[PDB]
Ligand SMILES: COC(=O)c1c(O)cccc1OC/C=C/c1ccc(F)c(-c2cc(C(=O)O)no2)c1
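Before any questions on how it binds or moves, here is one chain, the form deposited without the named molecule, in structure tokens.
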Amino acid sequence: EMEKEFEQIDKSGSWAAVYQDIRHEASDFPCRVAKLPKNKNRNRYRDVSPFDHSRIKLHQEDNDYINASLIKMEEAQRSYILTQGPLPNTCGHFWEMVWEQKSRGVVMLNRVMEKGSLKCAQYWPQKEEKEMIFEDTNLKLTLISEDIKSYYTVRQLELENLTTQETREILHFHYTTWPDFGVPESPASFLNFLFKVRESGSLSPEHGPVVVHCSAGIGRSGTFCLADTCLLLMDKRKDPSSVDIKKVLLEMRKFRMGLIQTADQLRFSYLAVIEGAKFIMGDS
């Protein structure tokens, strides 16, 4: 059982030790496309790269590279794209990926400025009347509406493929209160955020995989996917205490390196899942 395991690690203060076992056992696959010199400026961080086997490919012919990985959770029937926060020069690639992969939601878990540095380009419009045009990928993006809440903001966006003149509606879920340092004191607002994403239909299989990102696409982004998949497996399985968070994390790390960047984040993910188990083991 998982609450038990949490108690044992916390009383022992051995989160750092558990976290290292995961690092040592984590997969390593080649990242050759990402390290090509032609792609050095498509990567925000030199030590965070997509494996070649799970990388998302753009349908461009000159350069198909974007720092983005497809995570396929086959038992849970969930797929996610994890990516870095766009760079000033990759905003057009980012929306091209969203278009090509038929995604319906974008989950953003960082602020554009954190700790006094820029963690992400401003890649969506801020006013209805000032749309954005990505000339390189021939896409137009318009803010349709914006619902600001205390812990998160939901935006409706219209993405128009200027070449074909087709349009789709994208939902942008922006969690705005992740603290600059550490992790949230309680998982309550995180879980409420996660269930709003679920309720929107963005995680469902009639759509392309949801795009999740922070700054590197591995820390907070990993916490989000890990919690969603764990909670889904608890629904599906005959034995809900047969779900091992550590096993699930290692399976996801076959698809992108480094998911969950700190022992604090690991602790927090346990907390989110354990608390979330209450509201899906039958609390209407």
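Numbers for residues come from their place in the sequence shown, where the first is 1.
The form deposited with the named molecule bound is left out here; the points below concern that form.
The site is open: after superposition of the local C-alphas, no atom of the named molecule, taken in the bound PDB entry, comes within 2.4 Å of this form's backbone or C-beta atoms. Heavy atoms of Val212 never reach within 4.5 Å of the named molecule in the bound PDB entry, leaving it off the interface. A residue is said to contact a partner when one of its heavy atoms sits within 4.5 Å of a partner heavy atom; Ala216 meets this definition for the named molecule in the bound PDB entry.
At the 4.5 Å threshold, heavy atoms of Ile56 stay clear of the named molecule in the bound PDB entry, well away from it. Of all the residues from 170-205, those having a non-hydrogen atom no more than 4.5 Å from the named molecule in the bound PDB entry are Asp180, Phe181.
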